[PDB]
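Participant: Let me start by giving you these chains from the complex, positioned as in the assembled structure:
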Amino acid sequence: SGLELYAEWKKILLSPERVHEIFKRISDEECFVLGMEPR
Amino acid sequence: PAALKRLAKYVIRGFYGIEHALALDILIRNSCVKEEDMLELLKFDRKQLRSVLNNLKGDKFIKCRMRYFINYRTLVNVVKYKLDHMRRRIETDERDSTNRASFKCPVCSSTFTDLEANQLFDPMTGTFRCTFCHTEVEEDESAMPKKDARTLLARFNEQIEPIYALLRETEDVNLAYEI
């Protein structure tokens, strides 16, 4: 909504720091699968 | 878990604010923990109680229950997480930077690194010539003491562990009991 995205399975606002940490955890090979070359 | 409750009392004074610790003391008694009952015992405003509860929800100290009456019990597992973050801080504090004596004239306040020193050196003068002005680049000394800071930071961080060692040992004994 406007500037913030909320996830409902309890619609908690998403955390950019949390999303950044998940992105670091995400494997390079799966990142290539979704169309982003890792390097 | 009477020993765990005693350990919880020590940690709430050490980490939580005095207003939060009094609310946590109400949580320690599990015979009755209604949101209304907790509010009356605290004597705080409902909005003030809600703000304390929101901090506890982020801490994971309290778990929401449906009865509507809300029942609060001690589910905090971040006491170890906070202690480990402090341990990471101790490792970060000891691991600062090296000597890297930076030649810098305080007149022009320009920190030229030991690598930049060869450019500063002039053969005719025979001394590291301050390129920005006309003086001689002086040693950083007290200024920018990264090497001095790491030892002092490590010593201060090391002092914290013995005071918390008894609480950490009690937490370790509880972890051994949990298996």
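Facilitator: Happy to help now that I have it. Numbers count the residues shown, from 1 in each chain, chains lettered A, B, ... in the order given.
Participant: can you pull the buried residues of stretch B:54-61?
Facilitator: B:56, B:59, B:61 (16 or more other C-beta atoms under 10 Å in any protein chain shown). In short, each C-beta sits where N, CA and C put it, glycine included.
Participant: ugh, wrong one, stretch B:82-99
Facilitator: Buried-residue list, stretch B:82-99, by 16+ other C-beta under 10 Å: B:83, B:90, B:93, B:96.
Participant: could you point out which element follows the helix or strand encompassing the second one?
Facilitator: According to DSSP states H and E, residue B:90 maps onto helix B:78-94. Next helix or strand after helix B:78-94 toward the C-terminus (DSSP H and E): helix B:117-120.
Participant: Residue B:17: neighbour count?
Facilitator: 13 (other C-beta atoms under 10 Å in any protein chain shown).
Participant: oh, I was asking about residue A:18
Facilitator: 9.
Participant: Now the element after whichever strand or helix holds it, going C-ward?
Facilitator: Here residue A:18 sits within helix A:16-25, counting by DSSP H and E. Of the helices and strands lying after helix A:16-25 in sequence (DSSP H and E), the nearest is helix A:28-33.
Participant: what about that following helix, distance to the chain center?
Facilitator: Distance of helix A:28-33 from the chain centroid (C-alpha atoms, centre = their mean, to the nearest Å) equals 14 Å.
Participant: Quick check: closest non-adjacent residue to residue B:131.
Facilitator: Using C-beta to C-beta, 6 or more residues apart in numbering or on different chains and skipping residues adjacent in sequence, the residue nearest residue B:131 is residue B:120, 5.8 Å away.
Participant: now for chain C, put it on the one above:
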Amino acid sequence: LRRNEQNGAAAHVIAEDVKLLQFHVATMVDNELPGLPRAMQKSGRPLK
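Facilitator: Placing chain C onto the earlier chains gives this:
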């Protein structure tokens, strides 16, 4: 934000300020985004 976070605020103000920081950084890169209202320094002038 850094000084208030270092002091340790209640975080109710921190939640409002971080959204304002997000608005400021987003406004600089894009002004055509839906929402994100244009900021005028003076004389009804749109930012670029």
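Participant: please look at the neighbour count of residue B:17 again, because chain C has been put in.
Facilitator: 14.
Participant: Look up how far residue B:52 lies from it.
Facilitator: Per C-beta to C-beta, to the nearest Å, residue B:17 is found 9 Å from residue B:52.
Participant: Pick out the residue of chain B closest to chain C.
Facilitator: Residue nearest to chain C within chain B: residue B:51 (6.7 Å; C-beta to the nearest C-beta).
Participant: quick one, what contacts that residue?
Facilitator: By C-beta atoms under 8 Å, 6 or more residues apart in numbering or on different chains, the contact list for residue B:51 reads C:10, C:12.
Participant: Now do the SS call for it.
Facilitator: Following DSSP: H, G, I helix; E, B strand; the rest coil, the label given to residue B:51 is helix.
Participant: do you know how far it is from residue A:4?
Facilitator: Distance of residue B:51 to residue A:4, computed by C-beta to C-beta: 21 Å.
Participant: Just give the closest residue to residue B:89, not the sequence neighbours.
Facilitator: Residue B:89 sits nearest to residue B:157 (C-beta to C-beta, 6+ apart), 6.7 Å away.
Participant: Next up, identify which helix or strand the one you found is on.
Facilitator: Secondary structure assignment for residue B:157, by DSSP H and E: helix B:146-178.
Participant: Give the other helices and strands that that helix contacts.
Facilitator: Helix B:146-178 sits against helix B:2-15, helix B:78-94, with contacts defined as 3 or more C-beta pairs under 8 Å, 6 or more residues apart in numbering or on different chains; DSSP states H and E.
Participant: Redo those helices as a markdown table? Include distance to residue B:129.
Facilitator: Shown next, in a markdown table, are the helices and strands packed on helix B:146-178 (distance: least, C-beta to C-beta, whole Å):
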| stretch | distance to residue B:129 |
| --- | --- |
| helix B:2-15 | 54 |
| helix B:78-94 | 37 |
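Participant: Further, place chain D onto the existing structure:
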Amino acid sequence: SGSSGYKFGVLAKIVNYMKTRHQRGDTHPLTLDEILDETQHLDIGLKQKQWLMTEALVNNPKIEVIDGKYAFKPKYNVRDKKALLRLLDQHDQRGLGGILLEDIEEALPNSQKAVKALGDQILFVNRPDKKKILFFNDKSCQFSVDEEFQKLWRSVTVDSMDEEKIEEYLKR
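Facilitator: Chain D now in position relative to the chains above:
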């Protein structure tokens, strides 16, 4: 004006006077007629005095009469100003919700009370600066240590999970 006798608010003033003499420290049992003589309202008229006893005194919700003489409506408890440390000793009652507003009128000025509170083990925590006052003891166990909040500040993960798992892997 519903039901009123003579000057408006006379009944409420009589209850306020009963509280005031107790705060003054001069305590005496007073009949309604005796209170009227003390407040110079003795010539309130026979009908007005009868109305106060029959309806106005009964109307007050918290009014308490021990027997022959009425007692102050606002505070049933005596303002002893003593055994506060015993109230602090039981944290279950949180000092029975003691308020500094009740104190400072019992027998001592605020300036004396502020010096006494700092010297005494008893400490006061006020969530609202003037609206409410509470008494608590944190003991000497709590430790400021070094950068205690700053270590918490490093842990800004909060809701995000598995951060502890990374620390556990480093610990291994």
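Participant: now that chain D has been added, could you go back to the neighbour count of residue A:18?
Facilitator: Residue A:18 has 15 nearby residues by other C-beta under 10 Å.
Participant: so how far is residue B:60 from the closest residue to it other than its chain neighbours?
Facilitator: Nearest-residue entry for residue A:18: residue D:160, 4.0 Å, with adjacent residues in sequence omitted and distances by C-beta to C-beta, 6+ apart. Using C-beta to C-beta, residue D:160 is found at 11 Å from residue B:60.
Participant: just residue D:166 next, same as before
Facilitator: Computed as C-beta to C-beta, the residue D:166 to residue B:60 distance reads 17 Å.
Participant: Residue of chain C nearest chain B, please.
Facilitator: residue C:10 (6.7 Å).
Participant: Just confirm that residue is within a strand.
Facilitator: No - remark: residue C:10 does not belong to a strand; assigned using three-state DSSP, it is coil.
Participant: show me the contacts for it.
Facilitator: Counted by C-beta under 8 Å, 6+ apart, residue C:10 has contacts residue B:51.
Participant: Now do it against residue B:151, distance only.
Facilitator: 36 Å.
Participant: likewise residue B:107?
Facilitator: Distance, residue B:107 to residue B:151, by C-beta to C-beta: 30 Å.
Participant: what do you get for residue D:52?
Facilitator: From residue D:52 to residue B:151 the distance is 81 Å (C-beta to C-beta).
Participant: cool, residue B:58 as well?
Facilitator: For residue B:58, the distance to residue B:151 equals 36 Å [C-beta to C-beta].
Participant: Kindly report the same for residue B:59.
Facilitator: Relative to residue B:151, and taking C-beta to C-beta, residue B:59 is found at 34 Å.
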